[PDB]
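Notes follow once the structure below has been shown.
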Amino acid sequence: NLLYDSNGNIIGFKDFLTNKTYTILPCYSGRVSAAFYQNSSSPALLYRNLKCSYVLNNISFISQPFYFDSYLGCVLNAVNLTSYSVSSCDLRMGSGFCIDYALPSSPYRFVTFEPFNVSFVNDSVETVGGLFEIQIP
Amino acid sequence: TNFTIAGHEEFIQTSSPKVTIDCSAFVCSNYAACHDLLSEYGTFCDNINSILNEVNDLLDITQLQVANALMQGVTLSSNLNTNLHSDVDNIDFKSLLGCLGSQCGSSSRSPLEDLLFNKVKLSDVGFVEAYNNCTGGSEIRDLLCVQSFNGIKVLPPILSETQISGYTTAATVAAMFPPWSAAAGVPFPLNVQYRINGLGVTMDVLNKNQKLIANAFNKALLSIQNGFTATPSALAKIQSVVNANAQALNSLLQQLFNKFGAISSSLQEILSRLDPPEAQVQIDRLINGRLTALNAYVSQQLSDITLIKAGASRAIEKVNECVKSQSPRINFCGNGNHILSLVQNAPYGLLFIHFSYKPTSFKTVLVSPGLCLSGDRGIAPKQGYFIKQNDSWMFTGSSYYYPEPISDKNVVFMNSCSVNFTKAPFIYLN
Amino acid sequence: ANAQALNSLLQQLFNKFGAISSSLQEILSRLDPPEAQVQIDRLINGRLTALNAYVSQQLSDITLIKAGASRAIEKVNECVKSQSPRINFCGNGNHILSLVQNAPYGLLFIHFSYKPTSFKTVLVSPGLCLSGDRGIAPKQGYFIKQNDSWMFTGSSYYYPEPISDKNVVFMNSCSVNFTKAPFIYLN
Ligand SMILES: *[C@@H]1O[C@H](CO)[C@@H](O[C@@H]2O[C@H](CO)[C@@H](O[C@@H]3O[C@H](CO)[C@@H](O)[C@H](O)[C@@H]3O)[C@H](O)[C@H]2NC(C)=O)[C@H](O)[C@H]1NC(C)=O
Ligand SMILES: *[C@@H]1O[C@H](CO)[C@@H](O)[C@H](O)[C@H]1NC(C)=O
C-alpha cells in the first residue's frame, strides 16, 4: 500500500477504503533574494525559479503593483530595462543581470551587466590595392 | 626532410558550481520546537554561511580575472563578420567562431562548443532548466526538486556562458584581420612562418609549401572536431567533475535519514509519541550529527577551492602567455616544438588547441660543431650545423635539411678557434 | 575579516551547548559532584569543535596566502630587479619598468606603461619582393609608400626611415600576395 524510491522517499500511496492511487510531492520551502540599497525604503524581491502566476496567489498575499517575469524568476519592485547595460554594478544577481538604483514608481532598475568591451575602429578589413589599413600612434 | 602539423587539445578547470545551504531549513526542521533548541548553540549556522559566500566571491573574482585576461588589449574593426568570409588564406576557422555582427543575437556559441555543451546535462543552463520545473509539474521523481526544498540549491554565476563564448570568439578573430592585436601586428601566415622559423627551418622551404601548411591546419582542425564523437579526456574530466558534485550533493542529503543514536530519524515522530521533557536529548543528537556533516562538507569545499584557484591561475597564465603572445619558454605551452595556440569556451573551464611541428622523414648526415679558419680565427654555427657537400663546406638547419652557402647572417665570428675544430683554409668568405 | 573571526571565536564561550548555564562557575557550586560531568562534557565538546573549525579555516587560508606570496616573489624577481622578455606578465603589454614598496601585510607595486594619445591611419605592406626573385619582410614595423617611394616605420610610432640591413630580413623567395617593387636598390 506504499510506494518508495531508491533512497527512503515516499512517492506514492494507495488507499484501502477507496481503492485509489495517489502521488506525493513535497511542499514548497524556499528563500527569497532581496537587494537593498544604502538608504532605500523597500528591497527588490527576486523569487528564483518561480513564476509570478504562482507567487501572487500562493506565497505572498501582499498586493504588489509591479511584477514581471525574467530569466531567473519574476522580480518585484523593479522595471524591465534589459536593453540598457552597465559597466560596474554592486548588486549582482547572475546570468549577466544586475539591479541598479536611480534616485527619482519603482526606483530599482533591472539592467544588463557587461563589464568588458572592445575598442572599435572604422577601418577596412579586405585588402585595398594590395595594402592594408591600420592606425599608428 | 619532410614535416607536417599535428593538433592537441587540453582542458583546464576554472570554475565550480556554487552550492548554498540554509541555516535552519536543513539543520533542525521547518518547525519551531527544534529551532527553540538550536539557539543554544549560538551563531553556529551563521559561521557555515560565512564560508560558502567567500567561496562564491572567490569564484566570481577568478571568473572576472579570466574575462579580463581574455579581453585585455583587444581592438576590432567596425566592419566585423557580417556573414563575411570567415576563412583567411585558405584556413577555415568557421568551425571555431560564433557571430559578432549586428544580427545573430542571444546566441554566440561556435560549432565546436556545441558538441561539448550537448554532451553535458548539468551545465549552467541545466540547473536553471531543471529547477523551474519543480512548480509547473515535473516528473514522478526528481532529485534536484527534493534537494531544493531542503535548502540545497545551486546558484548561477555572475557571467553567463554566452558572454564567455562571445569573449572567446572575439579574442579569436583578433589575430585574423587588421589590426592584429594577438600577433603584435603581424599577419597570420607571416606569424606562422616566424614561429616555425625559430626552430631551424629556413625561409626557402616555407614559401614553397604554403598550401601544405594550410591543408595541415585544416586536417588538424577536422581531426580535433571529429575527435569528440568518441570518449576524449576533456569530456571525461568534465563528466567526472559533474558526477563528483552530484554525488556530494546526494550524500549531503542522506544525513537527514540517519538515526545518530536517537529513536527515529523523523523529527515529527519524536514529538508526536514522546513527552516534551525527554525529546531534547534526541533533538540534540540529531543537531550534533547534522552540524558535524555540514562542517565536513564545508571543510571539503574549502579544500577543493584552493585547487580550483590554482587551476584557474594556471589557465590565466596560459591564456596570457601562449595565445595572445609568444613567450620564449620551451616546453610550457605544448610538447617541445610549439607554433600557435587557440582558446575555446568549455563547461567549467576552457579548452585549448595546440599546433606542433611533427617531422615525417629523417636522413643521417655528418655534422660539425665548428671549423677553424685561416689566421687562428674561429667560427661557429647558430641554429644549425656545418656539413660537407661535394668537398665544400655549407650550412644547414637544425630542423630541416636544406644546404645553403655560409654567410655572415647564419654564423658567428670568433677571435680564436678551439683545438677540436676541423681545419679549412680553402674557405675565406663562402 | 581577521578581527571578525577572532571576535566570533570568543563569543562561543557564552553558549549553553545543551546545558543549564553558559558558565563553568554556575555549575560547580550548584549541583552534586556526580551530576556535573554530564554538563562539563557538553561544554567541552562544543569548544573543542569550535577550535577544530578555526584550525581548519586557518589551514585553508594559509595555502592561498602562501600561493599569493610566492606569486609576489616571482613577480618581484621578474619585473623589479630584472627585465624579463615575458609579455602580458608585468603589465598590460606595454610595460616598461616596475618598482616595489613596503605595504601592510604584503607589498606595493608601481607599474609604468606606454599609453599613446593620438593616432593616424596609413596603408601598410607586410613584405616586398625585389628584382631577382628576392623578397624582404619587415621586423617590428611596416612598409609605407611616401612620395612614390617605400620607407619603414615602427609599430608604435610614425617616424619614417629608409630601409637598411638592421631594419629588414632577407629571403630568397616571396609569395604572390606581396607587393612588387623593382626600384628598391638598397641592398
Ligand atoms: C478494492 O480492491 C480489492 C481487490 O480486488 C477488492 O477486494 C475484492 O472484492 C471482491 C468483491 O467483494 C471479492 O470478490 C468476492 O470473491 C468471493 C470469493 O473469495 C466471492 O464469493 C464473492 O461473491 C466476490 O466475488 C474479491 O475476492 C476481493 N479480492 C481480495 C483480494 O480480497 C475490494 O473489494 C476493493 N474495494 C472496494 C471498496 O471496491
Ligand atoms: C567598458 O566600457 C565602460 C563604459 O564606457 C567602461 O567603464 C569600462 O572600463 C570598459 N571596459 C573595458 C575593459 O575597457
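Residue numbering in chain A adheres to Swiss-Prot, whereby the residues present occupy positions 646-749, 759-791 in order.
Per the header: electron microscopy, 3.2 Å.
Including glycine, each Cβ sits where the backbone N, Cα and C put it.
Copied over from Swiss-Prot, here are the features:
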CARBOHYD  A:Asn664  N-linked glycosylation site
CARBOHYD  A:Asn684  N-linked glycosylation site
CARBOHYD  A:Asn703  N-linked glycosylation site
CARBOHYD  A:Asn725  N-linked glycosylation site
CARBOHYD  A:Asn771  N-linked glycosylation site
CARBOHYD  A:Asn776  N-linked glycosylation site
Cβ-Cβ distance under 8 Å to A:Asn664 (N-linked glycosylation site), same chain, at least six residues away: none
Neighbouring C-beta atoms (10 Å sphere around the C-beta of A:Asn684 (N-linked glycosylation site)): 6
Annotated glycosylation sites A:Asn664, A:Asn684, A:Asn703, A:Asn725, filtered by Cβ under 6 Å to ligand 2: none
Top Cα neighbour of A:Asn684 (N-linked glycosylation site) in the set of glycosylation sites A:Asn703, A:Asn725, A:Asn771, A:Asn776: A:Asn725
Glycosylation sites near ligand 1 among A:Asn664, A:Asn684, A:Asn703, A:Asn725, A:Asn771, A:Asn776 (Cβ under 6 Å): A:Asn664
Within reach of chain B, those glycosylation sites of A:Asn664, A:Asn684, A:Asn703, A:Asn725, CB-CB under 8 Å: none
Proximal but sequence-remote residues of the same chain as A:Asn703 (N-linked glycosylation site) (Cβ under 8 Å, at least 6 apart): A:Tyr673
CB contacts for A:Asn725 (N-linked glycosylation site) [other CB atoms within 10 A, all chains]: 13
Other C-beta atoms that fall within 10 angstroms of the C-beta of A:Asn771 (N-linked glycosylation site): 11
Where A:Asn703 (N-linked glycosylation site) sits in the secondary structure, as DSSP reduces it to three classes: helix
Number of Cβ atoms other than its own within 10 Å, given for A:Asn776 (N-linked glycosylation site): 9
